[PDB]
Protein chains: 2
Amino acid sequence: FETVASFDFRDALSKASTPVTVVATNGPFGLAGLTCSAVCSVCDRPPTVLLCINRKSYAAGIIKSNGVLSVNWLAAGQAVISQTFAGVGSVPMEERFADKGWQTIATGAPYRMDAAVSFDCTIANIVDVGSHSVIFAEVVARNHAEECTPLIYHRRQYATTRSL
Amino acid sequence: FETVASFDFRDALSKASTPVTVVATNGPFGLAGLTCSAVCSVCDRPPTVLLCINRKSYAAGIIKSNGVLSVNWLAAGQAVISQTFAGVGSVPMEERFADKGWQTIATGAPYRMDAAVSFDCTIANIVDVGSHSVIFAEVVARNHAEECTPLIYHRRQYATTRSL
Ligand SMILES: Cc1cc2nc3c(=O)[nH]c(=O)nc-3n(C[C@H](O)[C@H](O)[C@H](O)COP(=O)(O)OP(=O)(O)OC[C@H]3O[C@@H](n4cnc5c(N)ncnc54)[C@H](O)[C@@H]3O)c2cc1C
Ligand SMILES: Cc1cc2nc3c(=O)[nH]c(=O)nc-3n(C[C@H](O)[C@H](O)[C@H](O)COP(=O)(O)OP(=O)(O)OC[C@H]3O[C@H](n4cnc5c(N)ncnc54)[C@H](O)[C@@H]3O)c2cc1C
């Protein structure tokens with residue numbers, strides 16, 4: 001079988017929906033983060049999620065060397081946070097965490113305390129696939145905001161949820 | 001750093017949101033599918049998605065032995081499909097695919113033609129982590145309905161999308 005064209009693959013994907021997260025890190029290699037939607041739960045013992053991140057990025061370099069990271073599922077009101085960590089407005093990497101919303105929990109990685117879900121994590125394993133590092137991370141702390149319907153991405157726009 | 005309790009992990013995840021897919025298969029080891037939300041795109045060259053499925057699933061062994069599968073992102077109108085494939089009504093596998101909305105495209109796996117997005121795939125890699133097989137699959141064909149509006153899962157209920 002022949003795989004679909006890359007362009008057709010991305011077009012089709014725009015028609016699926018995802019949550020939106022920010023993955024962030026800090027430690028001896030410094031502070032960094034990027035917006036990431038390719039994230040999912042893997043198993044509960046040990047509690048493990050994975051995230052797939054293009055290895056060419058500033059943030060990927062730092063995340064992999066710090067060896068710790070946070071995954072921060074954004075609430076409906078946080079599209080600007082997502083835009084910032086996707087590089088909309090070209091906000092310099094270390095200027096991205098200037099606000100009380102980020103604090104430390106267990107690892108030293110910055111946690112978004114008003115995110116719908118925040119997992120503080122250590123990296124356990126990495127599987128490289130084409131351009132992306134698939135990073136398997138074990139959850140060593142969790143946090144939740146009070147009142148957060150999700151930020152959703154779909155058809156290249158942000159959205160949130162409503163009952164069926 | 002000690003990991004969080006499994007129970008905390010699961011609770012936290014209920015507060016995140018995910019699309020809802022049905023992962024289906026067919027071939028020499030038979031028909032099977034199940035509903036899966038632990039799915040994401042990995043890279044576009046080659047076009048690869050991954051999905052995490054509990055090895056306890058009846059459908060897991062059949063999917064991995066057939067070597068082929070589809071991922072079907074369900075639309076807002078399709079909660080009954082999600083329910084059928086999560087085992088509600090305990091519908092027998094073959095009978096799950098009796099409806100003519102399920103066709104073959106390229107691999108032989110059943111593809112839901114009216115699903116918001118359907119990727120027909122061949123398995124490329126399987127990495128077993130805790131209770132789950134993380135299955136990497138390369139996209140060989142696709143199909144999309146005209147209706148992309150997502151079925152979403154969140155706080156243990158179905159939802160769909162709204163503008164912000
Ligand atoms: C919103 C949502 C998201 C989900 N996400 C995931 C996910 O990301 N990963 C995951 O692993 N699960 C996921 N699930 C769970 C999943 O879909 C199922 O609910 C789970 O696998 C249990 O399904 P089952 O009741 O069909 O049990 P199973 O044991 O998996 O199978 C039972 C029924 O289906 C298949 N049969 C069973 N035994 C035999 C036999 N001895 N001989 C011949 N035929 C047999 C069975 O045949 C039977 O019809 C999700 C469910 C929901 C609702
Ligand atoms: C809602 C959203 C989700 C994103 N998810 C991821 C992800 O899971 N993994 C990742 O490495 N980067 C993701 N990004 C990209 C990322 O956050 C930065 O924008 C990127 O590192 C910036 O580099 P660039 O200027 O070359 O932009 P780009 O040329 O746009 O980025 C190029 C490469 O890194 C960025 N991938 C996966 N989903 C998306 C997406 N919806 N939009 C754009 N790129 C995507 C890509 O993945 C791609 O391989 C996402 C961006 C947004 C807005």
# chains A, B, ... in the order shown; residues from 1 in each chain; ligands from 1
>>> residues_near_ligand(ligand="ligand 1", cutoff="6 Å", atoms="only C-alpha atoms and all ligand atoms", output="short mmCIF file (atom, residue, chain, number, x, y, z; two decimals) with C-alpha atoms, in the first residue's frame")
data_model
loop_
_atom_site.label_atom_id
_atom_site.label_comp_id
_atom_site.auth_asym_id
_atom_site.auth_seq_id
_atom_site.Cartn_x
_atom_site.Cartn_y
_atom_site.Cartn_z
CA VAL B 20 -14.19 10.05 20.26
CA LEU B 34 -13.78 -0.63 19.96
CA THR B 35 -14.24 2.97 21.00
CA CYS B 36 -11.00 4.73 21.60
CA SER B 37 -10.15 8.29 22.61
CA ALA B 38 -6.45 7.81 23.21
CA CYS B 52 -3.52 3.26 22.88
CA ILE B 53 -5.63 0.30 23.58
CA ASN B 54 -6.00 -1.87 26.61
CA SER B 57 -9.86 -5.56 25.04
CA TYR B 58 -11.29 -8.41 22.99
CA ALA B 59 -10.55 -6.23 20.00
CA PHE B 85 -18.36 0.06 20.27
CA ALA B 86 -17.76 0.68 24.01
CA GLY B 87 -19.76 -2.52 24.59
CA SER B 90 -22.94 -6.10 24.29
CA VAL B 91 -23.41 -6.19 20.52
CA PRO B 92 -21.46 -9.03 18.89
CA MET B 93 -18.46 -7.83 16.85
CA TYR B 153 -16.03 13.28 25.52
#
>>> closest_atom_pairs(of="chain B", to="chain A", cutoff="7 Å", atoms="only C-alpha atoms", output="JSON lines")
{"residue": "B:1", "atom": "CA", "partner": "A:140", "partner_atom": "CA", "distance": 6.3}
{"residue": "B:2", "atom": "CA", "partner": "A:140", "partner_atom": "CA", "distance": 5.9}
{"residue": "B:3", "atom": "CA", "partner": "A:140", "partner_atom": "CA", "distance": 4.2}
{"residue": "B:4", "atom": "CA", "partner": "A:140", "partner_atom": "CA", "distance": 5.0}
{"residue": "B:6", "atom": "CA", "partner": "A:44", "partner_atom": "CA", "distance": 5.2}
{"residue": "B:9", "atom": "CA", "partner": "A:47", "partner_atom": "CA", "distance": 6.2}
{"residue": "B:10", "atom": "CA", "partner": "A:44", "partner_atom": "CA", "distance": 7.0}
{"residue": "B:12", "atom": "CA", "partner": "A:117", "partner_atom": "CA", "distance": 6.6}
{"residue": "B:15", "atom": "CA", "partner": "A:117", "partner_atom": "CA", "distance": 6.6}
{"residue": "B:16", "atom": "CA", "partner": "A:117", "partner_atom": "CA", "distance": 6.2}
{"residue": "B:17", "atom": "CA", "partner": "A:19", "partner_atom": "CA", "distance": 6.0}
{"residue": "B:18", "atom": "CA", "partner": "A:19", "partner_atom": "CA", "distance": 6.0}
{"residue": "B:19", "atom": "CA", "partner": "A:17", "partner_atom": "CA", "distance": 5.9}
{"residue": "B:38", "atom": "CA", "partner": "A:40", "partner_atom": "CA", "distance": 5.3}
{"residue": "B:39", "atom": "CA", "partner": "A:40", "partner_atom": "CA", "distance": 6.5}
{"residue": "B:40", "atom": "CA", "partner": "A:38", "partner_atom": "CA", "distance": 5.2}
{"residue": "B:41", "atom": "CA", "partner": "A:38", "partner_atom": "CA", "distance": 6.1}
{"residue": "B:42", "atom": "CA", "partner": "A:52", "partner_atom": "CA", "distance": 6.1}
{"residue": "B:43", "atom": "CA", "partner": "A:130", "partner_atom": "CA", "distance": 6.0}
{"residue": "B:44", "atom": "CA", "partner": "A:6", "partner_atom": "CA", "distance": 5.2}
{"residue": "B:45", "atom": "CA", "partner": "A:130", "partner_atom": "CA", "distance": 5.9}
{"residue": "B:46", "atom": "CA", "partner": "A:130", "partner_atom": "CA", "distance": 6.6}
{"residue": "B:47", "atom": "CA", "partner": "A:6", "partner_atom": "CA", "distance": 6.2}
{"residue": "B:52", "atom": "CA", "partner": "A:42", "partner_atom": "CA", "distance": 6.0}
{"residue": "B:73", "atom": "CA", "partner": "A:16", "partner_atom": "CA", "distance": 6.5}
{"residue": "B:116", "atom": "CA", "partner": "A:16", "partner_atom": "CA", "distance": 6.9}
{"residue": "B:117", "atom": "CA", "partner": "A:16", "partner_atom": "CA", "distance": 6.3}
{"residue": "B:130", "atom": "CA", "partner": "A:43", "partner_atom": "CA", "distance": 5.7}
{"residue": "B:131", "atom": "CA", "partner": "A:43", "partner_atom": "CA", "distance": 6.0}
{"residue": "B:132", "atom": "CA", "partner": "A:43", "partner_atom": "CA", "distance": 6.1}
{"residue": "B:138", "atom": "CA", "partner": "A:3", "partner_atom": "CA", "distance": 6.8}
{"residue": "B:139", "atom": "CA", "partner": "A:3", "partner_atom": "CA", "distance": 5.5}
{"residue": "B:140", "atom": "CA", "partner": "A:3", "partner_atom": "CA", "distance": 4.0}
{"residue": "B:141", "atom": "CA", "partner": "A:4", "partner_atom": "CA", "distance": 5.9}
{"residue": "B:148", "atom": "CA", "partner": "A:15", "partner_atom": "CA", "distance": 5.8}
{"residue": "B:150", "atom": "CA", "partner": "A:17", "partner_atom": "CA", "distance": 6.4}
{"residue": "B:158", "atom": "CA", "partner": "A:164", "partner_atom": "CA", "distance": 6.9}
{"residue": "B:159", "atom": "CA", "partner": "A:163", "partner_atom": "CA", "distance": 4.8}
{"residue": "B:160", "atom": "CA", "partner": "A:161", "partner_atom": "CA", "distance": 5.6}
{"residue": "B:161", "atom": "CA", "partner": "A:161", "partner_atom": "CA", "distance": 4.6}
{"residue": "B:162", "atom": "CA", "partner": "A:160", "partner_atom": "CA", "distance": 5.3}
{"residue": "B:163", "atom": "CA", "partner": "A:159", "partner_atom": "CA", "distance": 4.8}
{"residue": "B:164", "atom": "CA", "partner": "A:159", "partner_atom": "CA", "distance": 5.3}
>>> atom_distance(atom1="CA of residue 97 in chain B", atom2="CA of residue 147 in chain B")
21.0 Å
>>> atom_distance(atom1="CA of residue 28 in chain A", atom2="CA of residue 66 in chain A")
6.4 Å
>>> select_by_dssp(residues="range 10-161 of chain A", states="alpha helix (DSSP H)", output="JSON, numbers by chain")
{"A": [10, 11, 12, 13, 14, 58, 59, 60, 61, 62, 63, 64, 65, 66, 79, 80, 81, 82, 83, 84, 85]}
>>> atom_distance(atom1="CA of residue 29 in chain B", atom2="CA of residue 81 in chain B")
22.6 Å
>>> select_by_dssp(residues="range 53-152 of chain B", states="strand (DSSP E or B)", output="ChimeraX atom specification")
/B:53-54,68-73,75,102-104,110-112,117-129,132-143,150,152
>>> residues_around(residues="residue 65 in chain A", least_positions_apart="2", cutoff="10 Å", atoms="only C-alpha atoms", output="ChimeraX atom specification")
/A:25-30,59-63,67-68,123
>>> write_last_selection(atoms="C-alpha atoms", output="PDB file, in the first residue's frame")
ATOM      1  CA  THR A  25       9.681  22.761  31.228  1.00  0.00           C
ATOM      2  CA  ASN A  26      12.348  24.379  33.384  1.00  0.00           C
ATOM      3  CA  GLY A  27      15.555  23.132  34.944  1.00  0.00           C
ATOM      4  CA  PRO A  28      19.298  23.335  34.278  1.00  0.00           C
ATOM      5  CA  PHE A  29      18.700  23.864  30.512  1.00  0.00           C
ATOM      6  CA  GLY A  30      16.261  26.656  31.108  1.00  0.00           C
ATOM      7  CA  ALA A  59      11.271  23.812  23.215  1.00  0.00           C
ATOM      8  CA  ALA A  60      11.842  20.205  22.287  1.00  0.00           C
ATOM      9  CA  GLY A  61      15.598  20.603  22.821  1.00  0.00           C
ATOM     10  CA  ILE A  62      15.102  22.042  26.297  1.00  0.00           C
ATOM     11  CA  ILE A  63      12.276  19.659  27.360  1.00  0.00           C
ATOM     12  CA  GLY A  67      13.980  15.479  31.507  1.00  0.00           C
ATOM     13  CA  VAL A  68      10.881  16.916  33.261  1.00  0.00           C
ATOM     14  CA  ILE A 123      10.244  11.771  30.976  1.00  0.00           C
TER      15      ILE A 123
END
